[PDB]
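A.B. asks: Have a look at the structure that comes next, please.
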Amino acid sequence: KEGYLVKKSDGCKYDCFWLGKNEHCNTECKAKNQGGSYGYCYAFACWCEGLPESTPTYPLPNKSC
């Protein structure tokens with residue numbers, strides 16, 4: 001399942017700047033709290049692939065940025 005990371009702060013989707021590969025998104029996603037293996041920035045967001053549904057991923061069932 002794929003999804004766009006999200007700032008746990010308020011819920012607004014997680015944005016980024018340097019496009020292409022990254023060490024910050026590739027890390028948080030590889031964290032054992034998600035299970036995703038691949039991941040990068042799509043224009044200005046953080047796309048990931050390899051995480052169950054239990055992981056809170058935009059949109060948010062309790063938030064609406």
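Chain identifiers are assigned as A, B, and so on, following the order in which chains appear in the structure tokens; residues are numbered from 1 within each chain, and ligands are numbered from 1 in order of appearance.
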Which residues come within 12 Å of residue 56 of chain A, counting only C-alpha atoms, excluding same-chain residues fewer than 2 positions away, as a list in words?
C.D. replies: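 With the cut-off at 12 Å, the set is residues 3, 4, 5, 6, 7, 8, 11, 13, 33, 34, 51, 52, 53, 54, 58, 59, 60, 61, 62 and 63 of chain A.
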A.B. asks: Would you mind listing what lies within 12 Å of residue 47 of chain A as a PyMOL selection string, with only C-alpha atoms counted and same-chain residues fewer than 6 positions away left out?
C.D. replies: chain A and resi 1-6+13-16+19-22+25-26+28-29+36-41+57-58
A.B. asks: Enumerate, as a list in words, the complete set of residues in chain A that a backbone-based DSSP assignment places in strand (DSSP E).
C.D. replies: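 Put together, the selection reads residues 2, 3, 4, 38, 39, 40, 41, 46, 47, 48 and 49 of chain A.
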A.B. asks: Just checking: using only C-alpha atoms, which residue out of A:42, A:64, A:48, A:55 ends up closest to residue 30 of chain A?
C.D. replies: A:48
